[PDB]
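First chain written, first letter: the chains are A, B, C, D and E, and each begins at residue 1.
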C-alpha cells in the first residue's frame, strides 16, 4: 500500500466541493490573488478588447487537508486535481469571452500546513477603455478585475501577496508594457453586503512603426500635393486633372482609414481630422481653379493654405 | 465535524434536480427575474444582432432547503452549486447564439427562510429590429425576452422585482443607453396553456462621430464637385476627364458603402439615396457636356441641380 | 414526503436511456415530428447554407411513464429532463454544422396517459440548392429533412401532426417566407431496411432593395457611358481617356462583384453577363476610337451597340 | 418486465468500454471500414483543406453481445449507445480540425450473431495536396485516411467491404466528383509494430464558370488594350494617359488576384504568369512611347508583342 | 471469463487518477517526451502564431500496472484509456489557443514491465518570434516548449528519447522545415523549486514564389516609371498626369501592403522602405515638374534618382 494513496484517501474520506474551508461559520477564509501578465497577445481598438496570456496565483489556507508529515514518511507537499478540493470562485468581472475557463487548471498544490496553492494558466480577454484623442501613438492603462461573484467579504476576503510585488518588464510584440501596482476595493450593491475585488493596472505604450508610413505618410504627401496645386497655371489645362487625382487619392486613403480605424465615439482621431482638412483644402483649391485680380486671390488662398498647414503641424508636434 | 457540512448533508439528503420546489401539485412557484444590462458590447446591423454583457437576478422561494439558523451555530446564508438545487428553466426566447450557457453560473445563495437567489453573469446575444430609415444617426429600442420554455403559468409565474427598479445610466462604447421599464405578458400557443414572459426594453441612440466623415463627407464633396462641373467650358477639353474622375470617385464610395452598409430590406438608407442622386446628376452632367442655345440649356441644368441639392439638404435637415 | 418526488422515484425506479419504449419487440413506437420555423437568420449563397431559428415539436407515446392521476393528488403533467427518459434519435440529414445539439433541450413534458412531448428550441443550419439563373431577385425552395439515422421504419415510424398544419406567415429580415406543406418518404439503402423521413419545404423570395443600387445601377450607368462614348469626336483627344475611365470603372465593379457574388457553377449570373457585355462593348469602342468612311463605321457600331443594349434590356424585363 | 430491457441488462451485466472484444489474447478483431462521401462542402486552396459531409460505416464482430433470438421473443436486432459497447479507435490521420468528434454517433446496431454495426454521420475536414500548375480549371485527387492510432495490426486488422463497392456519382456544388477505389496499406514506425490503414481517393474536377470572367477576361482585355496601345501616335498626347490607365487597371487586377489567389509554393499560377507578362509588356510599351527610325522600332515592338501573345495563347490552349 | 478483462479488473482494483506512480515519496518518476512535427499548417505573421500538426510521444515507468505475462495467457501489451491511468501534466508553455486539448488522446499502451506509452495526436498552435528585417524571403527558428506546469523536478524529471533522434525532413506547404536538436533546461521561479522543460527548435525557410510578383514586381515597376518620368518634356502637358497616375498606383500598392503586411514593431520591412522611397521620389519628381537652368536641375535630379535606385538595388542584393 503506497503511503501517498493512503494519505489521499484519508484526507478526502468525506469531502465536498461546495463547502467553504472554514472551521466555524463566524470565521472567514483568506484568499490571496496575484495577477501576472506574461505576454500581451493583442488589443483590438475596434472592439476595445485586450487579450493577454498570463497565469494567476491563488493561495488560501484550509483547516482541512492537514496532516503530520512525519506520519506519511515525511511527505511535504502533494498534487491534487482542482475538482475535488474546494475552489474559490474568482472571475474577471470585466471578462469579454463567452465562457471563462482556464486552459490549464487541472492541478493544485497542498502543503502539510494546509496552505493550498493554485496556478491555473489562463488566457484573459478583457475590456479596456481606449483614449484615441491622439493616434500617431498612444498609451492606455488597462485594468483587470478579479474577485468573487457571489461570495461577500464576510465569506472570502480577497487580498494581495506583497512578496515579489516589484515592478518588472512585460514581454510585448508591438506594445511596451509596465506593470502597475495592484490594489483592492469593495463594491456595495446592497446594504450589509460588500464584495471585495482586486484591480491590477497595466500601462501599454504603442511602439509600432508601420502606422507612421500607412496613416501619416500618404496624408502628408496628399497635403503637400494640394499645397503645390495652386502653383499650376489656371490656363494650363492641368489643374482639373491634378485635382481629380488628388480627390481620388484622398478618397482611397479615407476608405483605407475607415477599413482600418475603428468607429471611435469620444473624439475623432487626429488622422481623421488631417484627412478632413486635406479634403476641404483640395476641394476649395479645385473650386478656385475651375472658377479661374486672379493673382491676388491665388496668393491669398496659398497664404491661407500655408497658415492652415503650419497650424496643423504645430498641433501635431504639440500632441507628438 | 463541521456544522456547515452537516447542514449541507442534512438539507440535500434526498434531493433531485428535476423536482419543482412546491409542497403540493396545486400550489405554484413564484420566480422573480430582473435583467440588468451593464455594457453594450456591440450591435451588428448586417445581422441585426445586439450583443451585451450583463448579469441576471433570479429569486425563487423554496419550501425545501429550510432550516433553523440557531441549530447550526447561527448560520445565516450558504453557497450551493446550481447543479444540485433545482434550477428554473429561464431562456432568452429571441436568443441568437448556437448555445445558451451562462459564463459564470456555478454558484447560488440559499437563505434560512428558503429564498433562493441566483446571479449568473452572462453574455446575451439577442435579435433586435433595426429601423434604418435615417442613417446619419439612429436610436432603436431593443427588447430582451426572458421566461420559461416548457413551464406554463400554472407551474412557474414569472414576475418582476420592483425594488431598485428606477431608470439609470448604462455604460456604452459608442451608444447612449437608456433602460426602459420592464413588463410581463403571456403567450398562448395552446388552449388552457399560457406561458408568462418578461420583456425588458433598452433604448440605444447612436453617438459615433466617425460615420459623419466616412459616409456623409465624401458624398457631399462629390455632390459639390458635380455642382461645380457645369461651370467648366464645353470646349475646354476638361469636362470629360472631370466627369470620369467624379464617376470613379462615386463608384469607389458606392463600393465602400456596400462593404460597410448592410442589405436593409425595409427602406433604402438616406446615404444610399444621396449616392444614387449624385450618380444620376453626374451622369446627366456628363451627357450634357459630351453632347455640347447651349448656354440656356446649361443654365437650366444648373438650376435643376441646385433645386435638387436644396431639396436634398432640406430633407436631410428634416430627418436630422 | 412530496407527492411529486414520490411519483418521479416510482416511475423511474428502473429505467434506461437506451431502451425503446415498446411493450413487445413486434410492436413499434410512433413519433410525430413538426418543424416550425420562426425566423430566417440568413442564407449564404457562397456556401449555399441556410441558417434559421425555430423550435421542433416531438410527440411519442410511451407504455411506461404511466400513472393514475388520482393516486398522486390529481397531478396531471410533469416536467422531466431529456437525459433520463428515452429520446428518439431525430437528426437533420442535411445538417451543415460540425455538431448537432439543441440550444435548449433540457426539459420535456410527460402526461398521465404517457404522451411524451418535447419542444427543444434549436438553431438549424442546413444546406439548400440555390438557383442563381436570375439574380436581380430570386426565390428558392429549401427543404429541411428530419428523421432517425439508425432506426428503421420497423422501430420508429415518423409521422406528421395534421393539427394546426395550416400555412402561415414567417418572420424574415430581407426574405419573404412561405411555409410549404410537409411530407414523409422512405429511403432504402439496404434490402428489408427502409428509413422514414419528414421533408418540410420553405419558399423564400428575396426582398432586398440595396442590391438594385449596388449591382445594377453602376452596371447600367457604365453601359450608358459606353453608349455615349462613340459620340465623342475622334480627334478631340478625349476618347482614349474616356475609354480608360470606363475600363477602370468596370474593372472596379467586376472586383466588387467577385468579392460579393459567389462562385456559382450551374449558370453565370445575369449581372455577370451584363458586366461581360459592357466590358466587350467598351473594349471594341476603344479599339474603334484608337483606330480612327469613318462616319459610316461609327454609325454601324452605334447601331450594333444600341441593338445589343435593347436586347439586353428586353431579356432583363423577360426575367424580371 | 419488458423482454428488451431484460436482454439489455443480461448482455451488459459486466461490460467495460476499454476491453477489446476478443475471446483470447492471440485472437484478433476484424473491423471493416467503408468511407462514403455524400457532398463536397468546399475545398479551400489557400489552406489546402477539403471539407466534406459523409457518413462512415464500421462493422466489427463481437464474441460478446450474443444471444439466442428465440429466447427473447424472437428479437432480431437492437440499438445501443456507442458509449457502453466497445468502440474501435478509428481516426482520420490527415485530420485538420482541432477536434475529431462525429456529429451524430450516439447509436449503433447489434445483431443476434454479434455483428456490431455503426454508422456515425460526420463532417470530415481533411488535408489535400493541390497541384495549381494550371488554374483555368483543375482536377485534384484527395485521399482520406482512416484507421487506428494506437492499435497495431496484431490487435485490429482494418479491411474493406467489397459489397456495393462500385463507383458512383457524388453530389457537388461546383466540383464534379468521382469516387476512387479504396485500398489498404500498413505503416511501420517501429520494428515488429505495423499499423494498418484504409486510403480512399476522390477525384474532383472544377466546374465553376465564374472564374473565367473574373480571372481571365480582365487579363485578356488588358493584354488586348496593351496590344492596341502602340498604334497610338507618339505625338497625340494620349500614349502616356493610356499607359497610366493600363497600369492602374493591371495593378487593380493584381490586387484582386492576390486577395483571391492563394500563396502557392510549388509553381506560380498561369494567371499570375499572364498578369506578369501583361505588366512587363505595358511597361515596355510606356517606355517606348515616352522615349519617342521610330516607325521601324515601333513595328519591331509590335511584332514582338504579337509573337509573345500568340505564344501565350498557344500555351494556354496546350494546358487548356 | 476473458483473461484480458480479468487482468484489467485486477490491475485497476483500487487506482486513482491523481496519484503519482511512485513507490516512495522520496523516489521520483521519469518521463520522456519527444515532440515530432509532421506538417506545418501555417504561420501567421500578423499574430506571430505558428500552427502545426504533429504527435507527441510520452513514456513513463510505473511501479503499478505490472503483471507476469505468463499468468494471463502470455499477454504482452494492453490498451487502456488515458482517463483511468495516471496522466503526467505536460502542457505547451507558449500555447496560444484558448484551450489545450489533444484531438486524439483517448488511448495509451501498457506493457508487462510497466513502461506506459502515450501517443496523443494533437494540433499545436504556439507563439514564435518573427524577425522581419528582410522580407523577400525569411527563415525563423520557432521553439516549442513542453513540460509540467505544477510538477517540480523533484516530482517528475522530464527527459529526452535519444533513440531515433536524428534530423529528418519535415513536410511543408510553402516552408522548408528542418528539425533542430531538442534540449532541456530548468526554470526557477522560487527558491528550492525548479521546473524542468523540453525545448524543441524548428527552422523554417520561406519558399513562396508568389510574394515576389505581389510585393516586389509592382514596386519595382513603379520605381522604373518614376525613373522614366523626368524624361518627359516640361511643356508636354503630360508630367502632371503621369505623376498623378504614379501616385495613385503607389497609394494602391501601399493599401495592398497594409492589408497584407502585418504591423511589425521591431523594424520596418524592406518592401515598406522601398515603397516609402518610391513615394518620396515620385513626390519630388512631381514637384520639380510642376515648378518647371532647368536642364541642369533635371539632370541633377535624374542623377540623384539613379544613385538612390542603385543604392537600393545593391542593398537588396546584400540582404538577398
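Just so we're on the same page, contacts are C-beta pairs under 8 Å (C-beta built on N, C-alpha and C of every residue); 3 or more make two chains touch, one makes a residue touch a chain.
Comparing the contact residues of chain B and chain C by number shows a mostly separate set, under half of all numbers used being common to the two copies. It takes 70 degrees of rotation, in steps of 5, to superpose the Cα atoms of chain A onto those of chain E.
Distance from the chain A centre to the chain C centre is 40 Å, each centre being the mean of its Cα atoms.
Once the centre of each chain is set as its mean CA position, chain A and chain B turn out to be 25 Å apart. Taken residue by residue, chain E touches two or more other chains at 97, 237, 241, 244-245, 248, 252, 259, whereas all remaining positions touch fewer. Going from chain D to chain E and on round the loop of contacts, you meet the chains as D, E, A, B, C. Interface of chain E with chain D (complex): residues 2-5, 8, 39, 41-42, 53, 72-75, 79-81, 84, 97, 101, 103-104, 106-109, 119, 121, 123, 173-175, 207-211, 213-214, 217-218, 221, 224-225, 228, 231-232, 236-238, 241-242, 244-246, 248-249, 252-253, 256, 259-260.
Against chain E, the residues of chain D that register as touching in their complex are 16-20, 22-26, 47-48, 89, 91, 95-100, 127, 149-151, 155, 237, 240-241, 244-245, 247-248, 251-252, 254-255, 258-259, 261, 263-265, 267-268, 272, 275-276, 279, 283, 286-287, 290-291.
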